[PDB]
Number of protein chains: 4
Amino acid sequence: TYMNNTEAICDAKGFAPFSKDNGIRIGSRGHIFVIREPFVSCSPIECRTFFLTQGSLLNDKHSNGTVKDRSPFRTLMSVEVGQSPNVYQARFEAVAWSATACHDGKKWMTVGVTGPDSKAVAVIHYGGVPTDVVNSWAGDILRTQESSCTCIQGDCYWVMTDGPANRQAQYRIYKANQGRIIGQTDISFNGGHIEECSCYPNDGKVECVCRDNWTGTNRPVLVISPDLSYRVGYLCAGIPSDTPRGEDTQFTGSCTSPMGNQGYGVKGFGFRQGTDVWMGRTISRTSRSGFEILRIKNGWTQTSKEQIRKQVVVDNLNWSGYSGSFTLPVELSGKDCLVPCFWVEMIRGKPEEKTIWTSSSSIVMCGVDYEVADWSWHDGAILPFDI
Amino acid sequence: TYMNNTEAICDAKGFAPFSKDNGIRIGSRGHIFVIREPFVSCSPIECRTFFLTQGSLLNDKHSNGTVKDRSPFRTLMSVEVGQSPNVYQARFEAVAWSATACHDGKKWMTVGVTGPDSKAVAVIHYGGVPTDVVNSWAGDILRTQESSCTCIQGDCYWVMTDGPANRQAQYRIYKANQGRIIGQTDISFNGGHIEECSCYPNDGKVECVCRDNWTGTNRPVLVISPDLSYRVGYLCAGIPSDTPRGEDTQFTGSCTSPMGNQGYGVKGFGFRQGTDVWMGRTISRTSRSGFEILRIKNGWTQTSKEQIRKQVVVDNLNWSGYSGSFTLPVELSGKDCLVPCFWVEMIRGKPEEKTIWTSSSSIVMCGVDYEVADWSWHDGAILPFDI
Amino acid sequence: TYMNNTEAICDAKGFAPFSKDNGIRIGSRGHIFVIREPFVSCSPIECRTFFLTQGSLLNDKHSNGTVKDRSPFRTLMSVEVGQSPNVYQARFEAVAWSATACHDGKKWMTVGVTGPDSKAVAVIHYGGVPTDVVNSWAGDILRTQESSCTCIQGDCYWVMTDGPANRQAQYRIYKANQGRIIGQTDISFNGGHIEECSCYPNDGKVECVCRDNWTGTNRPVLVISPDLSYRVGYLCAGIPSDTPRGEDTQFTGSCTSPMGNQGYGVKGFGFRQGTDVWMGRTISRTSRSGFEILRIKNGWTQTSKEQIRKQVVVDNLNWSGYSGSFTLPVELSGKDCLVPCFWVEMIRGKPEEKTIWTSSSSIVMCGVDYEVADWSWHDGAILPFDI
Amino acid sequence: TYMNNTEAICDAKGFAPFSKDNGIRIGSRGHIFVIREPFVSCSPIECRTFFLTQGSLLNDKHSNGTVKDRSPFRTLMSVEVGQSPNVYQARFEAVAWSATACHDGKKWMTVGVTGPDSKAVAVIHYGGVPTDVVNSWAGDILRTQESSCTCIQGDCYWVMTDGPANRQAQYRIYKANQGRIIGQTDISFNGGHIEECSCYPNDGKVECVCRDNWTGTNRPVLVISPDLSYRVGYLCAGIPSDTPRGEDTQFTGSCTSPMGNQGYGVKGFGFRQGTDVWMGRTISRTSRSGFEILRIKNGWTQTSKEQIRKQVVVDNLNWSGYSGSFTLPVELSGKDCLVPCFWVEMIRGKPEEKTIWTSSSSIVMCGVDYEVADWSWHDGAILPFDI
Ligand SMILES: CC(=O)N[C@@H]1[C@@H](O)C(C/C=C/c2ccc(C)cc2)=C(C(=O)O)O[C@H]1C(O)[C@H](O)CO
Ligand SMILES: CC(=O)N[C@@H]1[C@@H](O)C(C/C=C/c2ccc(C)cc2)=C(C(=O)O)O[C@H]1C(O)[C@H](O)CO
Ligand SMILES: CC(=O)N[C@@H]1[C@@H](O)C(C/C=C/c2ccc(C)cc2)=C(C(=O)O)O[C@H]1C(O)[C@H](O)CO
Ligand SMILES: CC(=O)N[C@@H]1[C@@H](O)C(C/C=C/c2ccc(C)cc2)=C(C(=O)O)O[C@H]1C(O)[C@H](O)CO
């Protein structure tokens, strides 16, 4: 039975801790992969944490980290949400140095991209077996969400980018059923730049808040119809949520176009709340440290800078990183709307650390109809390690 | 199908060993969490040992134990009853530095409390996903049973405390269905103090024997109706079962009010046997060492000090600690009454030990229609460790 | 659905390797329990290796082995046949320093005996939960098979001994359903001594070949009816199969009475083949080394010393030990008779070894309608270990 | 429900990465078996990697590798495709120093061969239990595919060799149902030599591309009917695919007979594509390094040397080794043809390496209707190890 993810995103006042893996603390003595991008997606029965590994373990010479991001050993695997990415619990998912995964109600579909920059291949997996493929269409590091993809009534949608990391690149929407690609679209966005989309379902369409690594410190937004017709632009709120970025004051709200001089960014997320938006951002405007989440009134649809809520989850004395969106299956939340959730990656080691290695632990938050107090559920690991 | 836990508690003569995890002996070389409160609850299919971890492993720098009880890394996880709390077998349950868990017949519901003392949040999980929330209602370390909660015909009940550890605090009963809070009550108990309740079902109501950390060396008792109306008071028996506590002689039996001067205590349990009670207590009146279990005639309903049975399970040359109650699903025991069971936590390391670290192993006992001989199934670990 | 184990034992010509765990070789670097008695029993779906642990791991101070056989930390756990007894795969079964287990077709029933020598308790588990009990009835180290017990049409039978290890002791047959004891019998056997029975089903009755630790170098045999009426005596074959024991020549075949002067013995097994018997024995008449299996014509029913087959499985340059019987569920073998199988324990370390520790690996053989060549599938471990 | 593997092999243009285990990199700190022959077969629900172990772990004295190939400790076990052969995830399969495995749609059947060279036994397992046997029929290291065997409509077929490794030997086809041998054939092939067959299903028959260790640098091919009547010969393509071997030029294409002087070889594979063939081979003509896969027009049926496609998967600066074939169940690929897949073993340590030990990691590729770019997904391990 397929998942109906046609409902509205629940209107949440605040966010409660879902899980914490303590991966890096644990891996000081145990056998934990050195990972990145601990993103989360849910089947109708359980949620899982997907992650990329370098095939190495914490506290081992192979965590040496001079190793390349897009290496032949990079792989997507997964554990149950909250469990650390240890070797024993781990489920192999795909050969990938960039990935997205989502479950459609029947089986999991994942997408690993691997091979060479000039002609990468992205393998689609369905039920733990390759079913289809996409080749670099522009010859420049083909890549995708690094966050849950989105399944609406049996068909799954995700977004990919093939092109330069700075200047103008190319962007497409893909649509699969049972692991077979059945539709695709080019996304026109001159001046605009899209990467590492954080997507969720809403009112029967797919909404993403992505990353502009070229020109904007506000985040791109697109909204995908099931016919692959789409709207695209920026998150209207007059508050910048990329990293790095400038003061909110020094700031302009653009539904239309990138806003700040800054290049570069980090993966982030945001949830549409009617007209308001829950936006996430690092606390530091310059480094990936601390993590908070602001609610802005009419932020989805206007250049608003009216904060209704500020909720800290990682304090600014602590490292954060990537963040992403995902929804709770109705068939678990019990609710009648789609409970919005998100994960926060917390990175330790290089570059900000004395260590030969770099990994991250995660922490997951969900929905909830109440204000939740500010706290920091930071990583915790005592660096450096035996090495 | 929901669990009918409406039956009577079986009338047991003695207690047989259910399981022993040997966690700490095992963790001298293996990868075992450093835990506390190894409590037990049962689904209609298996029993599990829940525990709080600090995200660290035995024999690792992170077991350093200068780390705080209510840390951001504290989590509830679980294994099958008898298995050690090792990293590989472990199932993530919740972000919690205080917890209760119970299964209702369909799925597990757990409750982790985390965040800051002044405004903690308690997240309710159902089927391994947050479904609801409770915020500190009195701003003073919100907390709960540290032992199995109680599900009667689809609805689960547990008890929480928000307030000072010594003086007067506040106490409430909560009632959930399918992970949704559907009722709550304030518990009036001036002069009285309640913490770490050990609860089981009986005659369709919920009976707990809790901890008074203020004023009494006898244990509070409450009895909850499914309408959240309740009786509350003390365990009548004229024998003290808190720790620390005075001689049984020097002692008075109060159904009504706290009895000894002593402040402080430890989590304990007791089972109503018609009018008699099975009460547990440490052997040492002063330290948490040794563990025995006495049956007192008319102890539930009178200031009785008539011992029918004394049964040792941990000898007084050995460390004990927390203890708690839980019931065996009829759908496993095969019986027509609810077989009473309990766990005994055995603590090693700080403060009574030379070590940088503190954890505990457990041992579980059940029901049974026979006198069982005295023995000690103590922890066993050879301290200190490689460190 | 219960198991019908009413069929005849298949008439097998030879024995094929089923599994080898390599536990001790593996545990030189991995996390393997230090075990004894790796016996095997089968559900209608899989076979498992049960074992007693001391709660310790190989290559760890706790394997120190000055620790007592009947310690408070001794436990029965289990893995899938062929897997090593590692900590991660292990399933907790019971608190036991002596045990038997069998599956009846619906669930597993195990029996762990623990507590003090003068008043041990034997806990019966059904579906992984205690359901019943037996107390020492003679106050002298209550004990049982250390090998698969036997389930015939929903009811399971095993044998226990309470008494001295040398001189005359006491012996009983027990009969359970769904973990509830429903019948028991005293076994009259003056002059005779019974221990560590290896039992299998056959023609609707239960046949065992046990251990005489008092007076006989031939093995006791009993045959249990479902009404707990029984025949008992010795294995007629005119060849001794206990260890230690004398030359086969220097030997007499007694259906009736113990045969050689020797005291002591080891756990062994044998399968009735119409009138013939497959008997197992160590190769060395004096030490537990090497292991072979002889077929003797009319050995079940006569003082025969006619060898039809000799098949070596462990050569006499290698350590062996306990051995035991078990049957393959028809619902797996596919056959119409019960395929006879047996396990051989191979012991390393103390007393015959330089080491602080003692454990064993195993190797399992089955049925088969063909002569299988002689070989040695010995333990393999390179002693001593890092220590 | 049995598997219908009667369909045609899909016509694939190129091959996409399925999985990579990173076993050896991972085993630098974790607990990974030292293995060989990481072959792959699929049930209707999941694919698994089977492997032979020596019972030892990487970075342990027992990996010492002076140990013999056909040792008493050699065993077949298995994990989910992509997972490393670690001790915790591992499923015991059989006592084997040579093996094949295939699933028929209901259960897995495996075949381990063990015992002595002069009279080896091959045990057939069905549903994880021995069901049948084959003894050395020629007294000279009985052996088999080391790759997936083949199940067509409930009946499984594989090929075995009993005889010399060089000169003429003997070859047979076996046919089992539910683990019971129900047919066998001798394969007449004078001048010809067959070993380590890589087989898949196609048009309702079984096609293999095997290894000639005697005389030919082209690969033997046979095609088995369900009646065990067969055709046999060589792969016609005028290009040599054994290792070692000579230039393609210096080369002749023989459908009939072995082609080059060279003795010796390595296990390899090939897929019939109508009349064309996908053939695999090491890049180095002399050593087992690098791995590519060529498509040759009319190569199945003619002495053709027309390359349509060359696709590298391991570059010639890196070690390769054994390779083998397997099919994707329709009941997973979703397609209407059988998607051809293959695994490549990558060997590290002795003989080409400074180390006391030898193991291999693997990498798996599948079907796909597109050209996939050249890359190298080589092993990755940093030799030598702590030792
Ligand atoms: C496919 C791919 O390259 N995607 C990139 C992804 O890998 C990461 C993540 C890094 C993991 C990592 C780990 C250890 C070290 C020492 C260094 C890096 C980042 C990032 O911004 O952090 O950027 C993506 C990217 O380049 C941009 O989007 C611009 O196009
Ligand atoms: C939420 C919370 O704080 N609950 C407390 C709970 O954590 C523990 C257990 C301790 C684990 C631990 C472990 C290592 C070390 C070095 C120190 C402590 C105890 C206890 O009495 O032992 O008391 C609860 C408590 O404070 C009282 O009930 C009074 O209100
Ligand atoms: C309940 C109980 O004591 N059963 C005994 C059982 O434990 C064992 C097995 C020993 C394991 C072990 C391991 C490490 C060391 C250093 C020493 C011993 C043996 C045996 O004959 O080997 O004998 C049973 C027995 O005493 C007799 O049947 C006579 O009555
Ligand atoms: C049953 C059996 O012996 N089959 C052989 C098989 O074992 C292997 C694989 C070796 C594993 C290995 C591992 C570590 C070391 C130090 C040495 C070897 C090879 C091979 O060609 O590589 O050849 C098979 C063979 O002899 C031929 O087909 C000729 O008949």
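The count begins at 1 with the first shown residue.
Note that Cβ sites are derived from N, Cα and C of the backbone, with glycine treated the same way.
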Whichever of D:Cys236, D:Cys255, D:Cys337 is disulfide-bonded to D:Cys10 when Swiss-Prot is consulted: D:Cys337
According to Swiss-Prot, which candidate in D:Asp186, D:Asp242, D:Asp248 joins D:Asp212, D:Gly216 at the Ca(2+) site: D:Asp242
Set of same-chain residues at least 6 away whose C-beta sits under 8 angstroms from D:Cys197 (disulfide bond): D:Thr144, D:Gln145, D:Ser147, D:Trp158, D:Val159, D:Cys208, D:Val209, D:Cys210, D:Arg211, D:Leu222
Inter-residue C-alpha distance, D:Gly216 (Ca(2+) binding site) and D:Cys255 (disulfide bond) (nearest angstrom): 12
Residue among the disulfide-bonded residues D:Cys10, D:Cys199 whose Cβ has the most other Cβ atoms within 10 Å: D:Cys199
Inter-residue C-alpha distance, D:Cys366 (disulfide bond) and D:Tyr322 (active site, nucleophile) (nearest angstrom): 17
Candidates D:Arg36, D:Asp69, D:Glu195, D:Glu196, D:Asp212, D:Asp242, namely the recorded positions, that fall within 10 Å of D:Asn318 (N-linked glycosylation site) by Cα distance: none
Per-residue Cβ crowding (10 Å cut-off), top of disulfide-bonded residues D:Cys42, D:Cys156, D:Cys210: D:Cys210
Assigned element (helix, strand, coil) containing D:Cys199 (disulfide bond), judged by DSSP: strand
Cβ within 8 Å of the mean position of the Cβ atoms of D:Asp212, D:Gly216, D:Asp242: remaining residues of the chain near Ca(2+): D:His193, D:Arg211, D:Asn213, D:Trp214, D:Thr215, D:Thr217, D:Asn218, D:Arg219, D:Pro220, D:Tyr234, D:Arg245, D:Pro258, D:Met259, D:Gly260, D:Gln262, D:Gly265
Residues near D:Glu195 (substrate binding site) in space but at least six apart in sequence (CB under 8 A): D:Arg143, D:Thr161, D:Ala165, D:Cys210, D:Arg211, D:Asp212, D:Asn213, D:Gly265, D:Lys267
Conformational class of D:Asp212 (Ca(2+) binding site) under the three-state DSSP mapping: coil
Cβ packing number for D:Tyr322 (active site, nucleophile), 10 Å threshold: 25
D:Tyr322 (active site, nucleophile) as reference: those recorded positions from D:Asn4, D:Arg36, D:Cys47, D:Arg288 with C-alpha within 10 Å of it: D:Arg36, D:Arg288
